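Shown next, in structure tokens, is the structure this report addresses.
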Amino acid sequence: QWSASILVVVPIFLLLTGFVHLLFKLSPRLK
Amino acid sequence: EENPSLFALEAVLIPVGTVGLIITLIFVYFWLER
């Protein structure tokens, strides 16, 4: 069985992880 | 049943919240830049 929340959240989560990597690349000890 | 109860489900609030977070991150990067 498929869930709308799972299919939406997977791509959105991918975008969020990409953003985290974007900031991490320009931030070593900054949080 | 008053008003669309299904419109208060999990799949509607979760994406908008995440989208807001992402937009906040890019806005933060832009502000910090220069």
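Chain labels run A, B, ... following the order of the structure tokens; each chain numbers its residues from 1, and ligands are numbered from 1 in the order shown.
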*What's the 12 Å shell around residue B:24, counting only C-alpha atoms, without same-chain residues fewer than 6 positions away, as number ranges by chain?*
A: 16, 19-20; B: 17-18, 30-31
Grab the residues selected above and save them as a PDB file, in the first residue's frame with N, CA and C atoms.
ATOM      1  N   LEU A  16      15.685  18.909   1.353  1.00  0.00           N
ATOM      2  CA  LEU A  16      16.147  19.386   2.657  1.00  0.00           C
ATOM      3  C   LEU A  16      17.589  18.941   2.913  1.00  0.00           C
ATOM      4  N   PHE A  19      19.982  20.974   0.968  1.00  0.00           N
ATOM      5  CA  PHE A  19      20.176  22.279   1.603  1.00  0.00           C
ATOM      6  C   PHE A  19      21.163  22.172   2.778  1.00  0.00           C
ATOM      7  N   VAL A  20      21.017  21.119   3.591  1.00  0.00           N
ATOM      8  CA  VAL A  20      21.902  20.910   4.740  1.00  0.00           C
ATOM      9  C   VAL A  20      23.344  20.758   4.243  1.00  0.00           C
TER      10      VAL A  20
ATOM     11  N   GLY B  17       5.225  22.757   5.831  1.00  0.00           N
ATOM     12  CA  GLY B  17       6.167  23.038   6.920  1.00  0.00           C
ATOM     13  C   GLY B  17       7.613  22.894   6.432  1.00  0.00           C
ATOM     14  N   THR B  18       7.885  21.780   5.750  1.00  0.00           N
ATOM     15  CA  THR B  18       9.218  21.499   5.226  1.00  0.00           C
ATOM     16  C   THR B  18       9.613  22.540   4.179  1.00  0.00           C
ATOM     17  N   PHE B  30      21.277  33.860   1.736  1.00  0.00           N
ATOM     18  CA  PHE B  30      21.276  35.118   0.992  1.00  0.00           C
ATOM     19  C   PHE B  30      21.600  36.300   1.910  1.00  0.00           C
ATOM     20  N   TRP B  31      20.988  36.313   3.097  1.00  0.00           N
ATOM     21  CA  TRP B  31      21.199  37.392   4.063  1.00  0.00           C
ATOM     22  C   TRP B  31      22.659  37.434   4.522  1.00  0.00           C
TER      23      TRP B  31
END
Please identify every residue of chain B that has at least one atom no farther than 8 Å from an atom of chain A, counting only C-alpha atoms, and for each give the shortest atom pair and the distance in Å to one decimal, arranged by chain then increasing number, as a tab-separated table.
residue	atom	partner	partner_atom	distance
B:10	CA	A:5	CA	7.0
B:11	CA	A:5	CA	4.6
B:14	CA	A:9	CA	7.8
B:15	CA	A:9	CA	6.7
B:18	CA	A:12	CA	7.1
B:19	CA	A:12	CA	7.5
B:22	CA	A:16	CA	6.2
B:25	CA	A:19	CA	7.2
B:26	CA	A:19	CA	7.8
B:29	CA	A:23	CA	7.8
*For atom CA of residue A:10 and atom CA of residue B:20, quote the distance in Å rounded to one decimal.*
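Rounded to one decimal, the two atoms are 16.1 Å apart.
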*asked:* Going by DSSP on the backbone, which residues of chain A come out as alpha helix (DSSP H)? List them as a PyMOL selection string.
replied: chain A and resi 4-25
*How many Å lie between atom CA of residue A:11 and atom CA of residue B:33, rounded to one decimal?*
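Straight-line distance from atom CA of residue A:11 to atom CA of residue B:33 works out to 27.1 Å.
Coordinates place atom CA of residue B:21 at a distance of 28.2 Å from atom CA of residue B:3.
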